[PDB]
Amino acid sequence: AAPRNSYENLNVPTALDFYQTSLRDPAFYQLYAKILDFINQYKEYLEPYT
Amino acid sequence: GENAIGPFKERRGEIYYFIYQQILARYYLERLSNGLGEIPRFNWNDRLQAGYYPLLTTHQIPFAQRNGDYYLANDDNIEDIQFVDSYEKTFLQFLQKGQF
Amino acid sequence: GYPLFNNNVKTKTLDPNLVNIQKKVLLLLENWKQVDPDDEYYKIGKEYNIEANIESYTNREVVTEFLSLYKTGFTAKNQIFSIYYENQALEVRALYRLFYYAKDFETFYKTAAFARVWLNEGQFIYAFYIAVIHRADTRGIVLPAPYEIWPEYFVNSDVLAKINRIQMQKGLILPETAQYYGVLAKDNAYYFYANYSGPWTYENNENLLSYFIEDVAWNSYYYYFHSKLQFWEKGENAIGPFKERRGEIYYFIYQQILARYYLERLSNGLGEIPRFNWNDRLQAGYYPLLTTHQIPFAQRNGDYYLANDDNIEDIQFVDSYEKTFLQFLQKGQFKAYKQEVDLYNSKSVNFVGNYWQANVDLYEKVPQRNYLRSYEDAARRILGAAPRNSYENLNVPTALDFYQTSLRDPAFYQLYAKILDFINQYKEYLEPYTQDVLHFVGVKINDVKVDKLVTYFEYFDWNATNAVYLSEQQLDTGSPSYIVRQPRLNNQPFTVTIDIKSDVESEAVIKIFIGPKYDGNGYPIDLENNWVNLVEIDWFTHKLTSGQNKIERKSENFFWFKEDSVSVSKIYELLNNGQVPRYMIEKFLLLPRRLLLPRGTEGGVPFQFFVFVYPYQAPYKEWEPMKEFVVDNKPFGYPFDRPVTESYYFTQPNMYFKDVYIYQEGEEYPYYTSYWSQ
Amino acid sequence: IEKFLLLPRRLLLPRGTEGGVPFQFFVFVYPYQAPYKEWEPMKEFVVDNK
Amino acid sequence: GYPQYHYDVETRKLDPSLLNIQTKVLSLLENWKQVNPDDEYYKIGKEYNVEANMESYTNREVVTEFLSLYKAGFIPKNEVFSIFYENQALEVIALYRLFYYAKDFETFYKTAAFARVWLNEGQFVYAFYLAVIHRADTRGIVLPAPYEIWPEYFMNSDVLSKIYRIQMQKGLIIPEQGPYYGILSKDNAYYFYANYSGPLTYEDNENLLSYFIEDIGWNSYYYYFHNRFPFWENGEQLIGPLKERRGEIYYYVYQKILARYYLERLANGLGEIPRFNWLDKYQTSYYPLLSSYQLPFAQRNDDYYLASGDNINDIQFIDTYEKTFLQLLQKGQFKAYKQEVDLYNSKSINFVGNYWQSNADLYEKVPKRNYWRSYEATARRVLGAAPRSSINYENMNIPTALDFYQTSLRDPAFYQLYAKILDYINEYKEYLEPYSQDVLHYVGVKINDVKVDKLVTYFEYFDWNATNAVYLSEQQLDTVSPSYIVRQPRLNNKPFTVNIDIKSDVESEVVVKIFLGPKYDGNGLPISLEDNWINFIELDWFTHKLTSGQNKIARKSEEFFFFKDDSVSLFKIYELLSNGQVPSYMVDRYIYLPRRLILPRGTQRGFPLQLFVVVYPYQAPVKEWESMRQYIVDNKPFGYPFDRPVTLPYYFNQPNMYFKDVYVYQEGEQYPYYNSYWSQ
Amino acid sequence: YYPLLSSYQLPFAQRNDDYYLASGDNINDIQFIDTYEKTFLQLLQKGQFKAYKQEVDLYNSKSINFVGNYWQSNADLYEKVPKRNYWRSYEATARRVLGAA
Ligand SMILES: *[C@@H]1O[C@H](CO)[C@@H](O[C@@H]2O[C@H](CO)[C@@H](O[C@@H]3O[C@H](CO[C@H]4O[C@H](CO)[C@@H](O)[C@H](O[C@H]5O[C@H](CO)[C@@H](O)[C@H](O)[C@@H]5O)[C@@H]4O)[C@@H](O)[C@H](O[C@H]4O[C@H](CO)[C@@H](O)[C@H](O)[C@@H]4O[C@H]4O[C@H](CO)[C@@H](O)[C@H](O)[C@@H]4O)[C@@H]3O)[C@H](O)[C@H]2NC(C)=O)[C@H](O)[C@H]1NC(C)=O
Ligand SMILES: *[C@@H]1O[C@H](CO)[C@@H](O[C@@H]2O[C@H](CO)[C@@H](O[C@@H]3O[C@H](CO[C@H]4O[C@H](CO)[C@@H](O)[C@H](O)[C@@H]4O)[C@@H](O)[C@H](O[C@H]4O[C@H](CO)[C@@H](O)[C@H](O)[C@@H]4O[C@H]4O[C@H](CO)[C@@H](O)[C@H](O)[C@@H]4O)[C@@H]3O)[C@H](O)[C@H]2NC(C)=O)[C@H](O)[C@H]1NC(C)=O
Ligand SMILES: *[C@@H]1O[C@H](CO)[C@@H](O[C@@H]2O[C@H](CO)[C@@H](O[C@@H]3O[C@H](CO[C@H]4O[C@H](CO)[C@@H](O)[C@H](O[C@H]5O[C@H](CO)[C@@H](O)[C@H](O)[C@@H]5O)[C@@H]4O)[C@@H](O)[C@H](O[C@H]4O[C@H](CO)[C@@H](O)[C@H](O)[C@@H]4O)[C@@H]3O)[C@H](O)[C@H]2NC(C)=O)[C@H](O)[C@H]1NC(C)=O
Ligand SMILES: *[C@@H]1O[C@H](CO)[C@@H](O[C@@H]2O[C@H](CO)[C@@H](O[C@@H]3O[C@H](CO)[C@@H](O)[C@H](O)[C@@H]3O)[C@H](O)[C@H]2NC(C)=O)[C@H](O)[C@H]1NC(C)=O
Ligand SMILES: [Cu+2]
């Protein structure tokens with residue numbers, strides 16, 4: 001949700017811009033939950049263990 | 001992969017999936033312990049429902065703040081939005097093809 | 001006040017050999033909601049062991065799969081069953097395969113008794129009905145009509161409440177007043193007058209056509225279509241030689257259904273079928289007054305947003321499934337699902353149809369997949385508006401979850417209109433028919449006349465005893481007859497006379513279609529846009545001699561319509577004389593004749609008839625086992641199976657268009673059923 | 001130096017309550033099979049070939 | 001597995017002069033859904049004519065209006081009745097007025113028989129229950145609990161389906177398989193195990209507290225509150241001596257109902273009650289599994305839009321109403337409905353209450369109006385989400401949980417609506433001057449310590465009779481009805497005692513009040529009194545005599561003023577009547593919350609709460625309030641001292657006040673759904 | 001508005017584009033705001049009236065005084081009424097709503 005600009009010399013930092021602060025944002029968890037939901041949809045292909 | 005992991009180069013995606021799944025599982029356990037329920041899902045064409053007002057600064061520059069009801073698809077994001085959507089749909093198409 | 005429907009049934013002698021089987025089948029359909037320990041099947045079911053009889057089934061893999069599934073545990077009794085629930089569908093498919101691969105009738109009967117004794121009643125009845133429809137040894141046997149097997153799916157909550165009250169009271173406490181509440185006691189039976197749903201259930205004036213969309217036979221036709229050609233069965237085991245024409249059948253049936261619905265809407269002045277956007281909200285409210293096991297059906301408000309937090313995934317899939325198809329239209333010739341597809345060729349229709357049904361035939365060339373998805377299933381789930389839950393033991397039923405109640409929901413019509421719009425976008429590829437194919441040299445239709453077209457409402461009685469639970473005494477000796485008497489649309493007999501001239505003596509095929517003349521806006525519809533709204537009503541052959549010819553075709557002989565089914569009591573009465581209702585054996589998958597014409601008005605509603613005469617060509621050889629549903633080698637819906645681009649080059653001397661008016665006699669509305677109105 | 005990429009032990013269990021929060025443990029025993037040869041340089045993060 | 005409820009009933013001897021009325025009443029409530037021609041009431045009602053006995057009613061206009069409406073025609077039998085349906089409301093009000101003004105019990109019985117024989121069953125039962133509660137010559141008799149009069153409004157569809165199947169089959173075809181489906185055949189009766197609603201009905205994890213919001217006692221308490229203080233009746237008939245406090249009562253009850261509810265939300269970690277905007281999509285969905293006459297209850301889909309064109313008019317009225325109140329807050333002193341109002345005075349509360357109930361007392365000084373509209377009724381209609389055709393057409397209605405006082409508390413939207421109303425009322429309350437030290441400080445009295453025993457909650461089986469839900473055969477009516485008993489888990493708390501130590505310099509009479517409240521909010525932070533004054537629930541209120549020196553007061557939870565015992569079943573009522581005794585609580589304490597619902601459960605198995613104890617001087621109520629002594633302990637306003645906002649909390653750090661922190665624990669199963677055959 | 005301002009290292013509130021002001025949490029405030037505006041319009045229809053125990057005639061230019069005070073919710077607006085423990089300001093409520101904190 002940072003302001004969008006085409007200038008490379010001006011940025012407003014966000015928690016998701018750094019791996020040191022990514023886990024502080026719930027949006028991180030929601031996004032990667034979506035990604036893992038897609039990956040589990042893929043995993044549905046695999047044959048279950050016998 | 002060669003310069004970062006070496007012989008475990010063909011298992012990179014497995015590591016990615018395992019680490020992220022473990023992180024999300026621990027987060028879900030903490031939520032259950034605090035009685036917050038499951039992780040919400042969201043729609044890109046709809047608005048995110050997670051407000052965040054970090055009290056963080058670097059070089060005195062404040063971190064970005066997001067309100068409770070933030071519309072993700074605005075005038076200046078359309079392009080990015082489109083890409084995201086496409087990147088998802090292609091994957092679904094792969095699931096229909098199986099072998100490709 | 002309306003006249004009471006009485007008509008003798010055209011019956012045919014039954015082969016004595018099958019007689020016993022008939023009996024047994026009926027014995028397995030009596031009070032299927034309850035298990036009676038005193039019945040014969042109970043001991044057989046409690047003692048039968050499938051594994052010990054593994055040699056009695058032709059295929060061994062089916063038995064192994066069924067046993068493996070049964071080891072895990074099937075669904076409990078007294079629970080709602082739906083083919084759209086994944087686990088229940090998986091179990092019922094195995095049960096049906098076990099029924100289908102039984103060596104002989106004795107093994108099948110033993111397996112059915114076992115299933116009824118041990119398994120869920122809904123799964124058992126579904127599988128048994130389908131198997132009896134499909135099993136070769138049971139071919140030629142009469143089955144009860146669907147509305148008599150699942151009465152609760154074909155009547156509203158008030159009538160069922162009255163019936164349940166009568167059953168609980170074991171009669172009337174103050175009989176002389178029951179008449180004032182639409183309950184008549186007569187001839188060892190109880191008759192319950194019933195109304196159709198009103199504006200409370202349907203919004204935007206849709207309730208005006210409730211007499212049509214809620215008709216018992218209208219929904220029974222869709223259930224029969226599902227049973228004969230089920231999406232989860234391979235083409236070989238369901239249709240045989242007409243396996244490459246499955247998509248054509250799908251498209252034809254759905255197009256005819258939507259065309260008839262549009263004709264009814266025009267007759268009621270409701271306009272065209274609305275279109276909707278998935279990312280936007282549906283604008284069709286529905287509040288069904290239906291219940292199964294007292295569990296209410298899902299309700300949808302007027303302005304329902306389809307894309308919520310718990311549906312996103314499904315939504316995405318739907319969108320993708322559409323876009324891929326559009327991409328195919330851009331490619332034209334491609335390779336999908338290990339199958340080469342060329343859209344320039346008409347036969348590709350098959351693929352298209354399967355693609356939009358996600359049936360097993362679509363995946364016959366790829367390895368067995370554990371990842372399963374269906375566009376129609378996801379669309380039905382989204383449109384049903386039922387609460388979303390991840391628990392498999394809790395469901396809120398919706399009208400779209402059952403083929404017996406799907407046609408009651410406008411969302412069904414809207415969704416399949418969207419699907420057929422995509423299919424017509426595909427059809428735009430095909431080359432239009434040319435004059436040489438259409439013109440019938442030496443044949444000209446001089447005239448066409450039709451008698452007065454009349455529609456009315458008449459009382460119809462159907463048995464609804466299976467909806468209640470009987471007592472031990474009733475099971476042992478006899479149960480009462482709870483009969484629902486409701487108004488239904490019907491039309492008086494009419495004849496079509498065709499005057500033709502042909503100096504050449506030859507064999508020919510005549511087709512008759514009925515269609516609209518004006519759209520919702522009151523303007524005439526050009527053939528280039530009306531080709532998709534024409535309903536085929538007749539299809540026959542005739543030998544033309546040199547000179548003049550006059551053909552008289554009666555409405556009782558039309559190919560695409562049947563007569564009404566009869567109750568079980570008459571079936572037993574005829575069976576006692578070695579006879580069966582011929583139309584319940586012959587042409588039991590077609591629409592009833594009473595729904596041929598849309599309800600008219602006092603002044604008259606305008607429509608048109610299209611008559612087409614073309615050369616005859618015999619159906620192919622390998623098509624011999626199915627030479628009771630076809631008349632020639634032309635595609636279904638010919639010549640309107642592909643778009644008409646120029647009406648000038650389509651019209652020929654051997655084609656005729658006539659304008660007709662449909663009138664209404666008696667009451668215009670069907671709700672005049674009160675004690676004071678009789 | 002050793003195991004500096006893993007989670008701390010202090011975060012192993014979710015915070016409990018005075019009355020107690022319910023969870024479950026799953027214990028699985030299976031046959032052992034040694035990791036592959038070319039996997040030798042990384043035989044400090046794995047225990048078998050699964 | 002859960003234990004079975006066993007408890008002793010407090011009984012009092014019944015006046016011998018009332019032995020005839022009681023029976024008669026209990027005879028007219030038997031199988032009220034059906035009319036038996038073999039009964040005496042049938043003949044009496046068939047032959048009785050109202051006009052010929054016009055002299056037997058005190059008021060003559062009542063008879064004339066009833067005759068006019070009856071000539072116009074009442075609703076037919078076998079249809080859903082609701083007091084919110086305007087025509088049905090008029091008819092039932094006329095019938096009740098005819099019942100109430102009957103000069104003697106004999107005429108009342110004849111009129112009741114006539115109504116049962118000729119009129120709709122629902123209207124008859126509603127009016128008869130109200131009249132028995134309000135008639136002077138019926139004071140002292142006992143009525144069956146609401147859940148036994150309307151079983152279908154207190155159970156889900158599955159249990160009702162099982163009961164109907166058993167009734168239709170007249171038993172079990174295969175008895176051995178009954179237990180596997182929750183049906184037990186024992187002692188000539190059939191017991192059906194009942195669950196509570198699950199996530200299908202409630203979203204956002206609210207089903208966790210279903211056991212509380214679907215409890216029979218909760219809805220029965222709401223229905224009793226409605227019956228004792230109907231909105232359409234004049235205050236004088238309802239409350240004679242303390243009519244001017246009607247609005248205050250309206251504020252006291254709802255404020256309690258929400259507060260307890262809020263407490264439960266804190267016990268299950270659900271947070272605060274949501275607020276909503278009328279002109280925006282409603283985010284709370286509801287899918288009730290309830291049905292009346294097999295007609296399903298209306299279902300509200302998530303994100304339902306309330307401001308559609310069809311409802312627009314109603315919306316406007318709602319908005320206007322709210323706006324008007326705010327304007328009044330700016331005026332302070334004004335005249336409304338020909339009543340002078342000054343908001344600087346606490347008495348004005350009365351008016352405020354009436355204003356938000358749209359009751360008769362609000363329009364007592366204006367000429368009789370043919371135009372009338374209720375804010376609560378309009379809001380209930382809007383939030384019900386029933387199709388507009390149901391509203392427009394009179395001979396058809398789809399029932400909603402908000403159309404009945406027996407099922408209103410099941411719908412989450414009720415709590416949000418009344419929270420909005422109470423927010424407006426508290427905005428009004430901000431006018432009042434806060435209590436000073438002089439009124440709060442009891443010179444010479446100091447509380448030394450407050451001790452409390454262990455607070456424990458648990459689920460236990462409770463059986464209630466649901467025979468009235470089914471239709472009986474002629475033989476059953478003649479000889480005896482079947483017994484269908486619903487067995488369901490219910491919350492309960494073990495007995496506990498509060499011990500208070502007080503040091504007094506002088507001897508005097510004092511009044512002691514005990515309140516309960518929460519400690520932490522949804523976000524886990526402590527709640528200051530300035531915001532917690534509205535969340536405290538009044539538990540006990542009693543007088544005492546303090547002698548000079550040290551004194552100890554032991555108060556048992558079984559003696560709290562604001563709670564009652566559980567109502568007894570019909571068979572036990574007959575058993576006690578045959579011995580000339582009646583349950584006292586059902587006689588005169590039925591308007592109080594059940595004692596089993598005092599404490600929350602808690603999903604973490606341990607929940608922190610706080611108790612507040614206050615002692616103040618005793619002053620006898622004014623004499624004119626003589627016939628209300630059983631319900632008033634002193635002259636202080638209800639909820640005192642937490643009846644007005646607290647601005648400076650350090651005024652409540654008085655010697656005669658004490659705050660204590662306590663913990664509530666759970667014993668046994670944490671959840672109530674472990675009631676299967678294999679778990680029992 | 002994304003101010004780069006801070007007091008005691010606490011960042012100033014940032015208002016995202018397309019911020020919705022009529023959420024449930026603010027609904028009460030919104031209503032008050034609306035009501036206030038509505039009231040003024042009603043006064044314009046009355047022309048001459050009495051508000052806060054002050055006689056006002058809008059045909060006179062002097063009335064400007066009252067109008068100003070009415071839109072500032074200052075002390076002079078409530079000088080003729082008894083001291084009120086209940087007080088709310090249109091400007092303060094609007095500032096709170098638009099601040100997006
Ligand atoms: C209020 O709500 C609660 C909450 O839902 C309800 O409580 C539920 O009630 C149902 C039905 O009463 C319970 O289901 C039953 O559970 C039985 C106990 O099984 C346990 O042991 C077996 C091994 O013996 C385990 O397999 C079970 O679970 C494990 O296995 C399942 C297999 O699917 C897995 O899914 C699990 O994850 C576990 O790994 C339990 O640990 C069980 O015996 C019983 O099963 C019979 O019936 C089912 C019906 O589908 C068959 O599939 C199965 O093969 C068994 O066959 C019987 O079927 C019928 C009888 O129904 C007859 O032909 C025979 O008797 C035959 O033996 C069934 O599944 C559920 O466990 C329970 N949930 C709880 C307590 O949390 C209350 O009922 C409800 N109350 C009311 C009044 O509505
Ligand atoms: C399918 O849907 C249709 C349409 O909704 C529905 O038709 C309606 O049926 C109801 C009955 O259920 C009809 O209501 C009755 O109408 C008759 C006739 O009324 C006409 O004629 C009288 C003069 O004779 C006019 O005054 C009147 O305005 C009409 O023009 C009435 O006679 C009935 O009145 C009795 O019942 C009322 C309660 O319903 C009482 O209020 C009234 O006083 C009457 O009481 C009678 O019974 C009492 C109880 O036993 C007894 O005590 C009294 O002494 C008296 O005998 C009633 O109003 C309605 O008109 C129909 N509408 C239409 C358009 O046809 C079907 O019933 C429905 N079918 C099913 C199966 O559901
Ligand atoms: C669940 O709920 C159901 C329904 O509420 C309960 O069933 C009820 O049980 C009670 C207690 O058993 C019943 O009341 C008793 O009924 C008996 C039987 O009465 C019948 O038989 C009599 C001859 O044996 C006959 O005279 C009666 O008819 C008289 O009365 C009617 C009016 O009721 C009148 O119209 C007639 O003209 C007659 O005058 C009737 O046909 C009865 O003997 C009992 O009376 C005793 O007690 C009363 C009160 O103390 C006293 O006055 C009497 O003198 C006598 O001592 C008593 O009335 C009730 O009828 C049942 N209801 C139904 C619908 O059947 C069930 O018990 C509950 N189960 C639980 C809680 O587990
Ligand atoms: C409505 O449906 C019910 C149930 O299907 C019908 O009851 C059924 O009637 C048939 C024919 O009478 C019964 O079969 C016969 O049973 C006798 C023994 O009673 C036997 O001798 C005959 O050979 C024949 O099998 C059947 O048992 C019975 N079912 C039940 C559950 O009682 C009813 O007749 C139907 N009514 C109408 C009007 O169609
Ligand atoms: Cu929601």
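Counting convention: from 1, in listed order, for ligands and their atoms alike. Below, read A as the first sequence line, B as the second, and so on, with proteins coming before strands; counting in each chain starts at 1.
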Between the CD atom in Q294(E) and the CG atom in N164(C), the distance rounded to the nearest 0.5 Å is 6.0 Å
Here the gap from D187(C) atom CG to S481(C) atom OG, rounded to the nearest 0.5 Å, amounts to 9.0 Å
Verify [atom]: protein non-hydrogen atom under 4.0 angstrom away:
atom                    : result
atom 32 (O) of ligand 2 : yes
atom 16 (O) of ligand 4 : no
atom 38 (C) of ligand 2 : yes
atom 72 (O) of ligand 2 : yes
atom 52 (O) of ligand 2 : yes
atom 44 (C) of ligand 2 : no
atom 13 (C) of ligand 4 : no
atom 21 (O) of ligand 4 : no
atom 56 (O) of ligand 2 : no
atom 49 (C) of ligand 2 : no
atom 41 (O) of ligand 2 : yes

Check this for me: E40(C), atom CD, are more than 12 non-hydrogen atoms of other residues, nucleotides or ligands nearer than 6.0 Å?
no
Q.
Could you check whether atom CG of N6(C) has more than 12 heavy atoms from other residues, nucleotides or ligands sitting under 6.0 Å from it?
A. no
Is the [X] ring parallel, tilted or perpendicular to the [Y] ring (thresholds 30°, 60°)?
X       : Y       : value
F74(C)  : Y70(C)  : perpendicular
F192(E) : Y190(E) : tilted
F114(E) : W118(E) : tilted
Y2(E)   : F459(E) : perpendicular

**Prompt:** Backbone or side chain, does any N or O of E30(C) fall under 3.5 Å from an N or O of ligand 4?
**Reply:** yes
Q. Between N31(C) and ligand 4, is there a nitrogen or oxygen pair with a distance under 3.5 Å?
A. no
Among all protein heavy atoms, pick the one closest to [atom] and tell me residue, atom and distance.
atom                    : value
atom 34 (O) of ligand 4 : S481(C) OG, 4.2 Å
atom 11 (C) of ligand 4 : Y572(C) CD1, 4.1 Å
atom 5 (O) of ligand 2  : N395(E) ND2, 4.1 Å
atom 64 (C) of ligand 2 : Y672(C) CE2, 4.2 Å
atom 38 (C) of ligand 4 : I483(C) CD1, 3.9 Å
atom 31 (C) of ligand 4 : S479(C) OG, 3.4 Å
atom 67 (O) of ligand 2 : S674(C) CB, 3.5 Å
atom 39 (O) of ligand 4 : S567(C) OG, 2.8 Å
atom 3 (C) of ligand 4  : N463(C) ND2, 3.7 Å
atom 19 (O) of ligand 4 : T477(C) O, 4.0 Å

Chain-and-number sorted residues having a heavy-atom contact under 4.0 Å with ligand 1 are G73(C), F74(C), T75(C), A76(C), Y193(E), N195(E), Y673(E), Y674(E), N675(E), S676(E), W678(E), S679(E)
Please indicate whether any nitrogen or oxygen in [X] is less than 3.5 Å from any nitrogen or oxygen in ligand 2.
X       : answer
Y70(E)  : no
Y193(C) : no
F74(E)  : yes

A student comparing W676(C), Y393(E), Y675(C) should find that the heavy atom closest to atom 12 (O) of ligand 2 comes from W676(C)
| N463(C) side chain vs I483(C) backbone, donor-acceptor pair below 3.5 Å | no
So for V568(C) against ligand 4, with non-hydrogen atoms under 4.0 Å, the contacting part is neither
Close aromatic pair by centroid cut-off 6.0 Å: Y41(E) and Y48(E): no
I want to know whether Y675(C) and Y193(C) have ring centres closer than 6.0 Å. no
Exercise. Give the C-alpha distance, both sets of side-chain angles, the deciding distance and a yes or no for side chain to side chain donor-acceptor pair (under 3.5 Å) between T673(C) and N195(C).
Key: CA-CA 8 Å; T673(C) 65; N195(C) 272 342; 3.1 Å; yes
* Asked: So, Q88(E) versus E79(E): side-chain donor-acceptor pair below 3.5 Å or not?
  -> no
Per-atom filter on ligand 2: closer than 4.0 angstrom to a heavy atom of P76(E) are 38 (C), 39 (O)
